[PDB]
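Reading the structure
Each chain is listed here by its residues.
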Amino acid sequence: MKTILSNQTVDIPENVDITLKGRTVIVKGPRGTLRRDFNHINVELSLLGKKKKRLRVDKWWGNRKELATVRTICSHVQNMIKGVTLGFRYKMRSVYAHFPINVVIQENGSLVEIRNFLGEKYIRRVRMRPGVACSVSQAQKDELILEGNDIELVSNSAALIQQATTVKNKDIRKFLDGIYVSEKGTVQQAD
Amino acid sequence: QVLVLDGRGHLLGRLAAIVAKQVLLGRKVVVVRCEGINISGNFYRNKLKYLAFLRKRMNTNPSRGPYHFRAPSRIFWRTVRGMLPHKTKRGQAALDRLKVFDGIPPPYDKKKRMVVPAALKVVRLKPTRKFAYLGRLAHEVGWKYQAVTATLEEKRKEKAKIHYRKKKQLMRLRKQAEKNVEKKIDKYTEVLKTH
Amino acid sequence: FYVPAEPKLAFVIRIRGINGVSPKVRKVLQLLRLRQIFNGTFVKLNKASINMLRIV
Amino acid sequence: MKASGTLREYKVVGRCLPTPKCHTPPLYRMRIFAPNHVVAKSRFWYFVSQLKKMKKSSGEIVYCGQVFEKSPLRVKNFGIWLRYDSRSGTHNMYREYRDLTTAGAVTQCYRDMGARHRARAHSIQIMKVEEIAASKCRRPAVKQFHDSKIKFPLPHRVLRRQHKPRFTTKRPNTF
Amino acid sequence: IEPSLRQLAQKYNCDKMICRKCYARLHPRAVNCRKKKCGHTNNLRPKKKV
Amino acid sequence: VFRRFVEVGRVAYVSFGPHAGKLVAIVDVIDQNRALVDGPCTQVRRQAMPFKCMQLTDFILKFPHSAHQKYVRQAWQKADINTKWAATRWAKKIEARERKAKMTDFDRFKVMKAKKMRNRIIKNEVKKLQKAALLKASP
RNA sequence: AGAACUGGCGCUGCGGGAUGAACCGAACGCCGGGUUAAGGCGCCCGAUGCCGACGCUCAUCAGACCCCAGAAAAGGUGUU
RNA sequence: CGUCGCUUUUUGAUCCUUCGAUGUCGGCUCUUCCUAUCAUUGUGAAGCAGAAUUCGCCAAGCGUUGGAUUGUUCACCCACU
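Cut-offs and rules
- Residues numbered from 1 in each chain as written, not as in the entry; some residues may be left out.
- Chains lettered and ligands numbered in written order.
- Part of a larger assembly, values for the part shown.
- Heavy atoms only, no water.
- Helix = DSSP H or I, 4+ residues; strand = E, 2+ residues; numbered from the N terminus.
- Buried < 20%, exposed > 50% of the residue type's maximum accessible area, 1.4 Å probe, protein only.
- Contact = heavy atoms within 4.5 Å.
- Near = heavy atom within 4 Å.
- Polar contact = N/O pair within 3.5 Å; in protein donor to acceptor, adjacent residues only side chain to side chain.
- Core = buried A, V, L, I, M, F, W, Y, C linked by side-chain atoms within 4.5 Å.
- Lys, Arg positive; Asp, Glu negative; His and termini not counted.
- Salt bridge = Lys/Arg side-chain N within 4 Å of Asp/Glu carboxyl O.
- Disulfide = S-S within 2.5 Å.
- Patch = residues over 30% accessible without salt bridge, like charges linked within 9 Å, V, L, I, M, F, W, Y side chains within 5 Å.
- Areas by Shrake-Rupley, 256 points an atom, 1.4 Å probe, with all protein chains shown as cover.
- Charge placed at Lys NZ, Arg CZ, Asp CG, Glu CD.
- Nonpolar A, V, L, I, M, F, W, Y, C, P; charged D, E, K, R; others polar.

Re the overall build of chain A
- Looking only at helices and strands, one finds 3 helices and 13 strands in chain A.
- Each of the three principal axes of chain A carries a C-alpha extent, and together these read 60 × 40 × 25 Å.
- Within chain A, the fraction of its 191 residues that count as buried is 43%.
- Partitioning the intrachain contacts of chain A with sequence separation of at least 6 by distance along the chain shows that 57% fall at a separation of at least 24.

Details of the protein's contact with RNA strand H
- Lining the immediate surroundings of RNA strand H are 15 residues, of which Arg173 of chain A together with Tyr23, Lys37, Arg45 and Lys48 of chain E lie closest.
- Restricting the count to atoms of RNA strand H within 4 Å of the protein gives a sugar and phosphate share of 81%.
- Within the side chain of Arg45 of chain E, one N or O atom sits 2.5 Å away from a sugar or linking oxygen of RNA strand H.
- Contact distances for RNA strand H include 2.8 Å between a phosphate oxygen and a side-chain N or O atom of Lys47 of chain E.

Looking at the nonpolar core
- If you look at the biggest cluster of nonpolar residues, it comprises 33 residues, and the most contacted ones within it are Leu5, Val19, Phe76 and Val80 of chain B.
- Listed by contribution, the elements that provide at least two residues to this core are β1 (3-6), α1 (12-22), β2 (29-32), α2 (43-54), α3 (72-81), α4 (89-96) and α6 (134-140) of chain B.
- No other element matches α1 of chain B, which puts 6 residues into this core.
- Discounting chain neighbours no more than four positions away, the residues touching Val80 of chain B are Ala16, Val19, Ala20 and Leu98 of chain B.
- Formed by 21 residues, the second largest nonpolar core is a distinct cluster that contains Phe145 of chain D together with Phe5, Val29 and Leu56 of chain F.

Here we look at the side chain of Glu143 of chain A
Residue and element names in this part refer to chain A.
- Tracing the chain through its elements places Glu143 in strand β12 (residues 143-148).
- Although buried, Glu143 forms no salt bridge, and the nearest oppositely charged side chain, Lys91, lies 4.8 Å from it.
- Leave out the neighbours within four places in its chain, and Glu143 touches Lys91, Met92, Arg93, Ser135, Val136 and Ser137.

Quick word on the state of the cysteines
- According to the stated counting rule, one finds 1 disulfide over all chains in the structure shown.
- Across a sulfur-sulfur distance of 2.0 Å, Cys22 of chain E and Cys33 of chain E are joined as a disulfide pair. Residues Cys22 of chain E and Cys33 of chain E are joined through a disulfide that is right-handed, its torsion about the S-S bond being 130°. Of the two residues, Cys22 of chain E sits in the loop between β1 (17-19) and β2 (44-46) while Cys33 of chain E sits in the loop between β1 and β2, which places them 11 residues apart along the sequence.
- Under the relative-accessibility criterion, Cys22 of chain E is labelled buried at 13%.
- Of all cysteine sulfurs, the one in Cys137 of chain D lies closest to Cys109 of chain D, which takes part in no disulfide; the gap is 16 Å.

A look at a positive patch on the surface
- A cluster of basic residues, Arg174 of chain B together with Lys113, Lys116, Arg120, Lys123, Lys127, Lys128 and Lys131 of chain F, forms a positive patch at the surface.
- It is helix α4 (residues 105-137) of chain F that provides the largest number of residues to the positive patch, a total of 7 residues.
- As for its position among the elements, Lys128 of chain F is in helix α4.
- Overall, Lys128 of chain F belongs to the partly exposed group, its relative accessible area being 42%.

Some words on the environment of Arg33 of chain B
Residue and element names in this part refer to chain B.
- Mapped onto the elements of the fold, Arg33 is located in the loop between β2 and β3 (38-40).
- Along the chain, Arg33 and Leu5 lie 28 residues apart, while their C-alpha atoms are 8.3 Å from each other.
- Excluding anything up to four places from it in sequence, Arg33 contacts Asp6, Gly7, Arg8, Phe101, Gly103, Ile104, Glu153 and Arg156.

Concerning the protein's contact with RNA strand G
- Around RNA strand G, 39 residues are found, and the nearest of them are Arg45, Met83 and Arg129 of chain B, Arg116 of chain D together with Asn42 of chain E.
- Those atoms of RNA strand G that come within 4 Å of the protein belong to sugar or phosphate at a rate of 61%.
- For RNA strand G, a phosphate oxygen lies 3.1 Å from a polar atom in the backbone of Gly17 of chain C.
- Take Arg116 of chain D: an N or O atom from its side chain is 2.7 Å from a sugar or linking oxygen of RNA strand G.
- Elements that contribute at least two residues to the surface near RNA strand G include exactly α1 and α2 of chain B together with α2 (102-116) of chain D.
- Here the residues of the surface near RNA strand G sort into 16 nonpolar, 11 polar and 12 charged.

As structure tokens, this is what we get:
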């Protein structure tokens with residue numbers, strides 16, 4: 001079709017300041033900073049105006065699979081804005097039958113050492129992506145909490161745990177055992 | 001005398017046909033840094049038809065027969081050979097004017113390198129489509145010299161900064177010197193006829 | 001609307017070759033004196049001569 | 001028809017011959033789009049024979065002139081009606097373009113039917129062509145150029161290779 | 001057992017759509033199999049409950 | 001990024017084609033790659049040139065959407081494009097590119113003698129700034 | 001396997017179809033200049049090294065030119 | 001009940017090639033290839049509780065035996081796996 005442009009904008013609150021080197025975006029905020037390069041995605045970005053901080057992503061030329069990626073851009077900025085002010089917290093809970101899951105942390109809140117999963121002798125050590133924090137819950141049974149700024153480093157690491165607790169050579173519809181994610185939240189609440 | 005082609009950013013087939021005609025016309029052509037030649041189509045596609053190339057193997061003894069080269073220099077060399085009449089002695093002599101080098105050797109690191117804007121990926125592919133590097137489909141297929149080459153590139157390119165840093169020292173100087181004019185009798189006739 | 005006279009003569013050149021030719025169509029080409037390729041000939045336009053030019 | 005080159009609109013009128021039974025037949029008129037006037041009076045006897053009982057032997061044409069658009073400078077929006085044939089059956093079609101002349105808008109059809117529908121130019125019959133005014137367009141590709149103070153840049157420019165030295169020492173900026 | 005957690009395991013293990021051609025384990029609101037081997041077909045059945 | 005657009009009224013240079021080397025004023029974009037142009041004061045009349053033919057310049061003209069030749073003629077010479085186009089650094093470069101093409105053999109000799117003269121002068125002078133640069137760094 | 005009608009091959013080279021009995025051009029004394037048919041013009045390989053026009057399409061088995069040398073029903077929120 | 005295909009490991013049909021000759025069944029021995037997968041790796045689905053099974057996917061790396069009868073190919077049986 002080759003339409004004339006589309007554009008979404010992303011409003012920026014005051015404690016976070018987005019600066020851009022190009023199609024690379026640098027996001028500094030209160031609880032750290034993080035950056036993403038979009039040198040594959042063929043769009044211009046424009047932060048415009050002092051004292052209000054609006055980011056304008058627009059694509060002038062394009063087709064229907066090139067128009068679909070202008071929202072994917074602006075929805076990745078809002079995960080960089082939300083994660084650098086609030087952060088991400090994926091609470092996940094252990095579900096077990098007869099055998100209780102023994103889950104500890106070896107290395108400074110990075111390595112996760114899972115044993116006594118389904119009565120097996122084999123420990124399952126999970127080393128995580130750099131930028132998340134491991135923490136066994138308090139005032140709750142068998143809950144594991146991951147905290148960090150960047151969603152794709154939180155969420156991929158929360159996927160490695162759930163994938164490691166995979167029941168093999170069995171009926172997966174019974175034998176419902178695993179450390180499944182149960183909540184998608186923030187580190188700081190209600191801002 | 002001899003032209004020197006930097007090979008990165010170029011396409012495999014678009015560059016090697018232009019090398020194949022310029023080498024039939026008597027020139028001596030040297031393609032340098034043929035590690036970063038791009039090749040169209042995504043990487044898993046092009047890695048398939050190179051693995052299909054590897055099993056084209058004569059049954060009765062594979063020692064004689066198809067010689068699968070794996071360095072991206074001889075990948076580029078073999079592409080030129082299929083666009084030359086190499087079974088004739090005019091096509092044999094055409095290959096002897098081609099000398100292809102992977103990385104940048106020291107006879108050819110201080111020359112000025114030329115590019116072919118016919119064959120560039122920036123020119124010729126639509127930018128929203130996927131391409132493959134010849135360096136890492138060589139590295140995926142038995143080319144065991146990627147690390148020892150990419151070490152010698154950054155040893156090469158670090159020595160090339162300190163040359164260019166001091167070159168723009170030199171031409172800041174002869175531009176600051178030509179402020180001290182004293183010569184505008186001679187500046188009449190060049191600006192009159194394109195300085 | 002003044003419609004002119006449909007014209008009285010034609011200049012007929014041959015554009016196809018000599019071989020692989022049906023026997024009716026190599027008789028009329030023999031009658032129009034078009035034997036080699038690219039030979040031209042002025043022809044009277046008639047009912048007898050138009051219906052030769054449909055054969056050929 | 002080959003649709004060779006840019007086309008050229010012809011107004012072709014013609015009538016079947018006066019028989020002893022019928023004097024002065026009504027001299028029909030069509031609107032033939034053809035690359036020259038010899039094809040143009042050849043398509044008249046294709047279309048008339050499908051509509052009336054007339055043919056070239058018992059008829060003649062009494063006009064064949066190029067009829068050309070009055071406003072070659074003003075930009076117009078054309079909506080045309082098609083009757084192409086497909087590989088399975090045949091379909092009616094409405095179809096909109098946007099050109100400075102009528103024969104250039106129907107030329108832009110024959111190219112576009114061959115591009116999208118693979119329809120060869122002998123199998124497609126133009127029914128009628130006229131300019132429409134804006135806010136009666138239905139196609140959102142034609143509709144999107146109805147914008148006062150429209151603006152757009154030219155990204156990623158590529159041209160003139162081999163025109164200059166094939167061999168240069170200069171990576172060409174695409175702006 | 002813990003029946004609030006019993007539902008949360010079934011969200012990843014039982015509550016999905018199965019295709020009759022590609023046999024994939026899709027998601028409970030699929031219309032097409034994502035896998036290319038069936039040609040993105042549109043005949044789906046729910047994963048069978050115990 | 002995208003500092004100059006096409007627009008109703010944008011002055012464009014025409015690089016190749018039948019009007020190679022003349023300015024035009026973009027009047028109406030017609031479909032996606034073809035634009036209605038004219039130059040009333042630069043000897044190119046009204047037609048649709050393709051966009052890959054033209055070169056955008058940085059002069060805009062505030063005339064209405066698709067007016068006649070007259071109002072574009074007013075806006076061309078109210079804004080006085082032709083003196084502003086000569087007084088730009090890019091038409092000096094296309095002026096300079098044709099002066100070098102019509103350089104006769106006798107002038108090309110005179111350029112050579114006056115080129116090799118002043119490059120002696122700088123080289124015998126840029127050596128003096130090298131000579132004083134070490135003389136700073138020797139104490 | 002067997003008939004009809006026209007041409008061809010057999011008896012017949014040449015250009016094009018990579019290769020070829022019959023296909024498409026085209027028929028031949030020995031040459032120079034000119035031009036073309038069928039076919040083509042990234043490089044083998046003569047000629048697009050045109051600032052060619054407009055669209056369509058991404059394949060983890062792309063596709064690519066009469067005869068002609070590989071495929072169907074059915075299906076696809078893949079795009080148009 | 002229909003109906004659309006593929007393969008040349010069956011048999012036909014054909015008679016193009018070989019009648020101044022291409023040594024004609026099977027077995028033994030040995031190599032390599034194909035996948036339309038029996039097992040083995042990693043998986044998806046069951047009317048998958050487990051165990052055993054069954055249906056599908058990437059997949060030919062590797063294995064796929066010892067005997068009684070019989071010229072047998074094939075068949076049938078004993079035994080292991």
